[PDB]
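Data block for data.cif (mmCIF, C-alpha atoms; chains and numbers go by the auth columns):
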```
data_work
#
loop_
_atom_site.group_PDB
_atom_site.id
_atom_site.type_symbol
_atom_site.label_atom_id
_atom_site.label_comp_id
_atom_site.label_asym_id
_atom_site.label_seq_id
_atom_site.Cartn_x
_atom_site.Cartn_y
_atom_site.Cartn_z
_atom_site.B_iso_or_equiv
_atom_site.auth_seq_id
_atom_site.auth_asym_id
ATOM 1 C CA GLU A 1 54.367 124.599 122.587 0.00 115 A
ATOM 2 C CA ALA A 2 54.826 124.101 118.845 0.00 116 A
ATOM 3 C CA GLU A 3 56.898 127.285 118.562 0.00 117 A
ATOM 4 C CA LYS A 4 59.283 126.174 121.312 0.00 118 A
ATOM 5 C CA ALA A 5 59.578 122.676 119.841 0.00 119 A
ATOM 6 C CA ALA A 6 60.359 124.114 116.401 0.00 120 A
ATOM 7 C CA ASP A 7 63.053 126.411 117.806 0.00 121 A
ATOM 8 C CA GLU A 8 64.740 123.579 119.695 0.00 122 A
ATOM 9 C CA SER A 9 64.553 121.316 116.635 0.00 123 A
ATOM 10 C CA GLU A 10 66.185 123.997 114.476 0.00 124 A
ATOM 11 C CA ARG A 11 69.025 124.484 116.955 0.00 125 A
ATOM 12 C CA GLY A 12 69.591 120.738 117.254 0.00 126 A
ATOM 13 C CA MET A 13 69.664 120.322 113.484 0.00 127 A
ATOM 14 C CA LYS A 14 72.241 123.117 113.231 0.00 128 A
ATOM 15 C CA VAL A 15 74.547 121.595 115.840 0.00 129 A
ATOM 16 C CA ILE A 16 74.220 118.090 114.386 0.00 130 A
ATOM 17 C CA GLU A 17 75.062 119.345 110.892 0.00 131 A
ATOM 18 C CA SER A 18 78.139 121.164 112.204 0.00 132 A
ATOM 19 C CA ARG A 19 79.328 118.063 114.067 0.00 133 A
ATOM 20 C CA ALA A 20 78.688 115.882 111.008 0.00 134 A
ATOM 21 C CA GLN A 21 80.789 118.106 108.743 0.00 135 A
ATOM 22 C CA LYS A 22 83.559 118.135 111.354 0.00 136 A
ATOM 23 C CA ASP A 23 83.434 114.328 111.429 0.00 137 A
ATOM 24 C CA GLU A 24 83.637 114.074 107.632 0.00 138 A
ATOM 25 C CA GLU A 25 86.708 116.318 107.546 0.00 139 A
ATOM 26 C CA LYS A 26 88.347 114.310 110.337 0.00 140 A
ATOM 27 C CA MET A 27 87.659 111.038 108.510 0.00 141 A
ATOM 28 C CA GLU A 28 89.165 112.379 105.281 0.00 142 A
ATOM 29 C CA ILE A 29 92.354 113.675 106.897 0.00 143 A
ATOM 30 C CA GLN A 30 92.711 110.478 108.938 0.00 144 A
ATOM 31 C CA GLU A 31 92.475 108.343 105.800 0.00 145 A
ATOM 32 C CA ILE A 32 95.032 110.502 103.971 0.00 146 A
ATOM 33 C CA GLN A 33 97.604 110.397 106.762 0.00 147 A
ATOM 34 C CA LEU A 34 96.927 106.679 107.275 0.00 148 A
ATOM 35 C CA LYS A 35 97.719 105.838 103.653 0.00 149 A
ATOM 36 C CA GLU A 36 100.853 107.996 103.672 0.00 150 A
ATOM 37 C CA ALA A 37 102.074 106.349 106.880 0.00 151 A
ATOM 38 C CA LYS A 38 101.424 102.849 105.524 0.00 152 A
ATOM 39 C CA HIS A 39 103.465 103.611 102.402 0.00 153 A
ATOM 40 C CA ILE A 40 106.300 104.997 104.534 0.00 154 A
ATOM 41 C CA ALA A 41 106.162 101.814 106.625 0.00 155 A
ATOM 42 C CA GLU A 42 106.451 99.658 103.502 0.00 156 A
ATOM 43 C CA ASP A 43 109.479 101.659 102.365 0.00 157 A
ATOM 44 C CA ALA A 44 111.131 101.338 105.776 0.00 158 A
ATOM 45 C CA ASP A 45 110.577 97.573 105.930 0.00 159 A
ATOM 46 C CA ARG A 46 112.048 97.116 102.441 0.00 160 A
ATOM 47 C CA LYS A 47 115.112 99.200 103.334 0.00 161 A
ATOM 48 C CA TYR A 48 115.570 97.242 106.566 0.00 162 A
ATOM 49 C CA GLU A 49 115.490 93.908 104.732 0.00 163 A
ATOM 50 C CA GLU A 50 118.001 95.019 102.090 0.00 164 A
ATOM 51 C CA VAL A 51 120.484 96.472 104.562 0.00 165 A
ATOM 52 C CA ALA A 52 120.182 93.415 106.833 0.00 166 A
ATOM 53 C CA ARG A 53 121.107 91.103 103.956 0.00 167 A
ATOM 54 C CA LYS A 54 124.062 93.307 103.026 0.00 168 A
ATOM 55 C CA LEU A 55 125.153 93.327 106.685 0.00 169 A
ATOM 56 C CA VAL A 56 125.184 89.528 106.845 0.00 170 A
ATOM 57 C CA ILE A 57 127.297 89.458 103.676 0.00 171 A
ATOM 58 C CA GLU B 1 50.005 122.050 110.714 0.00 115 B
ATOM 59 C CA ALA B 2 52.588 122.950 113.354 0.00 116 B
ATOM 60 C CA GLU B 3 52.384 119.460 114.872 0.00 117 B
ATOM 61 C CA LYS B 4 53.121 117.885 111.492 0.00 118 B
ATOM 62 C CA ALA B 5 56.069 120.214 110.887 0.00 119 B
ATOM 63 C CA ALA B 6 57.484 119.524 114.353 0.00 120 B
ATOM 64 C CA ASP B 7 57.223 115.753 113.926 0.00 121 B
ATOM 65 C CA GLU B 8 58.953 115.841 110.535 0.00 122 B
ATOM 66 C CA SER B 9 61.755 118.012 111.924 0.00 123 B
ATOM 67 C CA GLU B 10 62.115 115.624 114.870 0.00 124 B
ATOM 68 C CA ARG B 11 62.503 112.599 112.597 0.00 125 B
ATOM 69 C CA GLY B 12 65.086 114.347 110.426 0.00 126 B
ATOM 70 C CA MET B 13 67.021 115.460 113.503 0.00 127 B
ATOM 71 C CA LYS B 14 67.088 111.941 114.956 0.00 128 B
ATOM 72 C CA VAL B 15 68.281 110.253 111.769 0.00 129 B
ATOM 73 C CA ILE B 16 70.982 112.844 111.074 0.00 130 B
ATOM 74 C CA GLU B 17 72.236 112.641 114.671 0.00 131 B
ATOM 75 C CA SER B 18 72.432 108.843 114.474 0.00 132 B
ATOM 76 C CA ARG B 19 74.431 108.926 111.234 0.00 133 B
ATOM 77 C CA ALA B 20 76.775 111.582 112.642 0.00 134 B
ATOM 78 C CA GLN B 21 77.422 109.513 115.779 0.00 135 B
ATOM 79 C CA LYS B 22 78.225 106.395 113.759 0.00 136 B
ATOM 80 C CA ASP B 23 80.617 108.240 111.448 0.00 137 B
ATOM 81 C CA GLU B 24 82.254 109.808 114.514 0.00 138 B
ATOM 82 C CA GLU B 25 82.846 106.350 115.995 0.00 139 B
ATOM 83 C CA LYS B 26 84.402 105.170 112.735 0.00 140 B
ATOM 84 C CA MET B 27 86.571 108.311 112.705 0.00 141 B
ATOM 85 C CA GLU B 28 87.828 107.407 116.179 0.00 142 B
ATOM 86 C CA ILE B 29 88.722 103.935 114.910 0.00 143 B
ATOM 87 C CA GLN B 30 90.569 105.537 111.989 0.00 144 B
ATOM 88 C CA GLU B 31 92.541 107.710 114.413 0.00 145 B
ATOM 89 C CA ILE B 32 93.535 104.619 116.401 0.00 146 B
ATOM 90 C CA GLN B 33 94.767 102.988 113.188 0.00 147 B
ATOM 91 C CA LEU B 34 96.732 106.133 112.311 0.00 148 B
ATOM 92 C CA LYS B 35 98.397 106.075 115.733 0.00 149 B
ATOM 93 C CA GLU B 36 99.432 102.453 115.221 0.00 150 B
ATOM 94 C CA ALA B 37 100.827 103.346 111.797 0.00 151 B
ATOM 95 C CA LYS B 38 102.848 106.156 113.388 0.00 152 B
ATOM 96 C CA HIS B 39 104.333 103.753 115.934 0.00 153 B
ATOM 97 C CA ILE B 40 105.209 101.193 113.252 0.00 154 B
ATOM 98 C CA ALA B 41 106.872 103.878 111.126 0.00 155 B
ATOM 99 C CA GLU B 42 109.019 105.101 114.018 0.00 156 B
ATOM 100 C CA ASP B 43 110.065 101.576 115.002 0.00 157 B
ATOM 101 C CA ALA B 44 111.024 100.661 111.441 0.00 158 B
ATOM 102 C CA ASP B 45 112.995 103.895 111.054 0.00 159 B
ATOM 103 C CA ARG B 46 114.994 103.105 114.193 0.00 160 B
ATOM 104 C CA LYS B 47 115.608 99.579 112.887 0.00 161 B
ATOM 105 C CA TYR B 48 116.945 100.898 109.587 0.00 162 B
ATOM 106 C CA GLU B 49 119.285 103.507 111.067 0.00 163 B
ATOM 107 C CA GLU B 50 120.694 101.077 113.641 0.00 164 B
ATOM 108 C CA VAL B 51 121.339 98.406 111.009 0.00 165 B
ATOM 109 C CA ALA B 52 123.019 100.899 108.672 0.00 166 B
ATOM 110 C CA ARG B 53 125.347 102.137 111.420 0.00 167 B
ATOM 111 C CA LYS B 54 126.294 98.570 112.356 0.00 168 B
ATOM 112 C CA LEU B 55 126.984 97.759 108.700 0.00 169 B
ATOM 113 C CA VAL B 56 129.283 100.785 108.416 0.00 170 B
ATOM 114 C CA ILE B 57 131.261 99.678 111.477 0.00 171 B
#
```
Whole structure, structure tokens version:
Amino acid sequence: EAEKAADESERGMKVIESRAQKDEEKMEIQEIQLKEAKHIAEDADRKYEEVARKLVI
Amino acid sequence: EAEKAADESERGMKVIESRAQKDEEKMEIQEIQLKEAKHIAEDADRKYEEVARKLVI
């Protein structure tokens, strides 16, 4: 009984560690792309405002 | 001895699985935010190009 429980625990720990590392990588890449996209959005909004004012003129 | 080892492994497995699941949920939220940022970027880009073309005309 103890042998079987130990084997199953080892396998579960392996799979959980793999999933956790995958999650950490996904979180990092998501944050990076999120920040880049937010900066691009700021640039686009600023350009839109400037060109709109010039258009009214 | 085997019972003690199995119980310790069980506790470690449970805590690591819980932390992995929570970080996965937060990663999903981050992906949703990234998708919204993508949409905002595309919309602002269309705004800018349309306004520039109108100004040229």
Taking all C-alpha atoms matched one to one in order, superimpose chain A on chain B and note the resulting RMSD in Å. 1.3 Å
Mind running chain B against chain A at 6 Å and telling me each contacting residue's nearest atom pair with the distance in Å (one decimal), counting only C-alpha atoms, chain and number ascending, as CSV?
```
residue,atom,partner,partner_atom,distance
B:120,CA,A:120,CA,5.8
B:127,CA,A:127,CA,5.5
B:131,CA,A:130,CA,5.8
B:134,CA,A:134,CA,5.0
B:138,CA,A:137,CA,5.6
B:141,CA,A:141,CA,5.1
B:148,CA,A:148,CA,5.1
B:151,CA,A:151,CA,5.9
B:155,CA,A:155,CA,5.0
B:158,CA,A:158,CA,5.7
B:162,CA,A:162,CA,4.9
B:169,CA,A:169,CA,5.2
```
Mind working out the centre and edge lengths of an axis-aligned box for region 126-143 of chain A, all listed atoms inside, 8 Å added to each side, rounded to one decimal in Å and written as JSON?
```
{"center_x": 81.0, "center_y": 117.1, "center_z": 111.3, "size_x": 38.8, "size_y": 28.1, "size_z": 28.0}
```
If you keep N, CA and C atoms, can you output region 115-128 of chain A as a short mmCIF file (atom, residue, chain, number, x, y, z; two decimals), in the first residue's frame?
```cif
data_model
loop_
_atom_site.label_atom_id
_atom_site.label_comp_id
_atom_site.auth_asym_id
_atom_site.auth_seq_id
_atom_site.Cartn_x
_atom_site.Cartn_y
_atom_site.Cartn_z
N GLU A 115 0.82 -1.20 0.00
CA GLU A 115 0.00 0.00 0.00
C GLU A 115 0.86 1.26 0.00
N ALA A 116 1.86 1.29 0.88
CA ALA A 116 2.74 2.45 0.97
C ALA A 116 3.53 2.65 -0.31
N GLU A 117 4.00 1.55 -0.91
CA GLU A 117 4.73 1.65 -2.17
C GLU A 117 3.87 2.28 -3.26
N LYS A 118 2.64 1.80 -3.41
CA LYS A 118 1.75 2.35 -4.44
C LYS A 118 1.45 3.82 -4.17
N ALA A 119 1.19 4.17 -2.91
CA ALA A 119 0.91 5.56 -2.57
C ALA A 119 2.11 6.45 -2.90
N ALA A 120 3.32 5.98 -2.59
CA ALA A 120 4.52 6.76 -2.88
C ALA A 120 4.69 6.97 -4.38
N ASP A 121 4.46 5.92 -5.17
CA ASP A 121 4.59 6.06 -6.62
C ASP A 121 3.61 7.08 -7.17
N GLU A 122 2.35 6.99 -6.74
CA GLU A 122 1.35 7.93 -7.23
C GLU A 122 1.67 9.36 -6.79
N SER A 123 2.16 9.52 -5.55
CA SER A 123 2.54 10.85 -5.08
C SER A 123 3.68 11.43 -5.91
N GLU A 124 4.67 10.60 -6.24
CA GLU A 124 5.78 11.07 -7.06
C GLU A 124 5.29 11.53 -8.43
N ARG A 125 4.43 10.73 -9.07
CA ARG A 125 3.93 11.10 -10.39
C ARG A 125 3.12 12.40 -10.32
N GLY A 126 2.27 12.53 -9.30
CA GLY A 126 1.50 13.75 -9.16
C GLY A 126 2.37 14.97 -8.94
N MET A 127 3.42 14.83 -8.12
CA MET A 127 4.32 15.94 -7.89
C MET A 127 5.02 16.35 -9.19
N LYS A 128 5.43 15.36 -9.99
CA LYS A 128 6.04 15.67 -11.28
C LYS A 128 5.10 16.47 -12.17
#
```
